[PDB]
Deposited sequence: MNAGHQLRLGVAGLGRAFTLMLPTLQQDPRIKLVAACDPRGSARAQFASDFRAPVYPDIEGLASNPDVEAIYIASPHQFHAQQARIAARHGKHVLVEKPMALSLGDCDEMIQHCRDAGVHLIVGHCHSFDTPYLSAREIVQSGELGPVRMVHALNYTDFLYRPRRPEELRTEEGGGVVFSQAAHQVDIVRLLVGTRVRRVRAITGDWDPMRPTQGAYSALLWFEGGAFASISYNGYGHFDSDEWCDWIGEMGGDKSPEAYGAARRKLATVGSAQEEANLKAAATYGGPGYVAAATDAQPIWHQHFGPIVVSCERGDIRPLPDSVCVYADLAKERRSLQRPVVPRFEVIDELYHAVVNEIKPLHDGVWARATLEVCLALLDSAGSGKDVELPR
C-alpha cells in the first residue's frame, strides 16, 4: 500500500549497495528474503525480524510480499522473475536484467501475463542529474540531440563489485550504465554500433576498456569510452564527486563519469551536484537538490508503478534494449565489424 512490502531474493553485493536506499526510503518495508546461504538468511532474519527462505518459491509464496527485488546472480534472474510473476509479485531485478535476449523476452512475457510490473534494478540512468538533463532535451529548449560524448575512467577491474567479472565483464556491468544514460538522453533507437575493446592485463584476462560509436535513429551519434584499469580517475571532471555521491579531495547525486550532450542549440553537462547548460545566450550552472535518500529515483519508479500504475521508464523492454546494445558492442569488438540493430 503506502509502505511497499518488499521481499529480497539474493542478499549479495547488489543488495548491500541498495540497502541504505531500502532502509532510508519511508515507502519501503523489507518483509522477507531468500538466499541459499544460511549466514545471509540468518543476518536478514536478525536485522529485519523477518521470515527467510532458502529459495524463491518460499519468498514468492509469502502473501505479505507485494514486490520482489531480485539481486541474485544473473543466471537465476529469468527463473526468479518467472516464479515471482506466477505468484502475482511485482519485480525489481538488478542490472543486468539477464545476459541473453531470450531470458529477457521470457521475463517480459511472464510479467506481462501475470499483470505485474517489471523494473530493472539500479541503473545510473535513474540518477537525478540525467533525468533532469533528459527533461531539458524533451522540453525542446535546446532542440534535438545531435551528439553525445561519454567517458568513464575507473578502477573497476581491480576494485570492483566482484561477481560481475562469460567473457565481457566491463561491457555487461559498466557499458550497461553508459549505454543506458546515452539512450535516456538521446531518446531514440540505437541503429548501429562499432566497438573496440582493450585487454592488456594478463592477470585480468577480460576486456578492461573500450571505445564505441553509436548511430541513433534521427542522425544523432554518440561516442562512449570506458577504461577500468584504475589509473586516471575521471571523477576529477565531475567536480571530484565519486560514483556513489561521495566527496573526493550529506551526499550528492550518483553519476557514471563525464558526459556532454550536444543539442542543436547547446550542450548539457549533467553533474552530481548540478546541470550545466551552455547555450549561445547564457552559460548556466542549474542547481540540483541534494538527495535525502540515495537512489530514491529507483523507488519512485517502483512505488509509482505498483501503487499508482504509472508505466515506469526503466521497464523490461527498456533494459532488454540496453542489453541488446551491450551484446552488439561485444560482437562488434569480437568480430571487427559493425552490428546493425533491428
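Counting from residue 1 of the deposited sequence, the stretches lacking C-alpha coordinates in this chain are 1-3, 169-172, 257-298, 392.
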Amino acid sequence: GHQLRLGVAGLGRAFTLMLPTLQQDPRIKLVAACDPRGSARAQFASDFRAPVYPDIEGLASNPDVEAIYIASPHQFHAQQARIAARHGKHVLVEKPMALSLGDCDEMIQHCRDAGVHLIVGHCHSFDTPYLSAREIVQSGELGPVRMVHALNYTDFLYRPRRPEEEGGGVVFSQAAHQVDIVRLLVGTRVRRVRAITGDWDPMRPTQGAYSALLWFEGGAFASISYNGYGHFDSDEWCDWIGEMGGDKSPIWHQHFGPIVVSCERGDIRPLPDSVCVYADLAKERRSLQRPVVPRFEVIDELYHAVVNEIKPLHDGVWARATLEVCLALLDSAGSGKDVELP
From here on, numbers count along this sequence of modelled residues.
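The mean Cα B-factor in the deposited entry runs higher for 93-101 than for the other of 184-192 and 93-101.
Set 26-34 against 281-289 and average the Cα temperature factors; 281-289 ends up higher. Between the residues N152, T206, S139, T197, it is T206 that shows the highest Cα B-factor in the PDB record. Ranking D127, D267, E166, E236 by Cα temperature factor from the entry places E166 first. Sorting the modelled residues of the chain by their CA temperature factor places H314 in the lowest third. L11: CA B factor in the highest third of modelled residues in this chain (values from the PDB entry). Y303 sits in the middle third of its chain by CA B factor, as recorded in the PDB entry.
Per the deposited record, the Cα B-factor of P51 falls in the middle third when ranked against the other modelled residues of its chain. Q174 sits in the lowest third of its chain by CA B factor, as recorded in the PDB entry.
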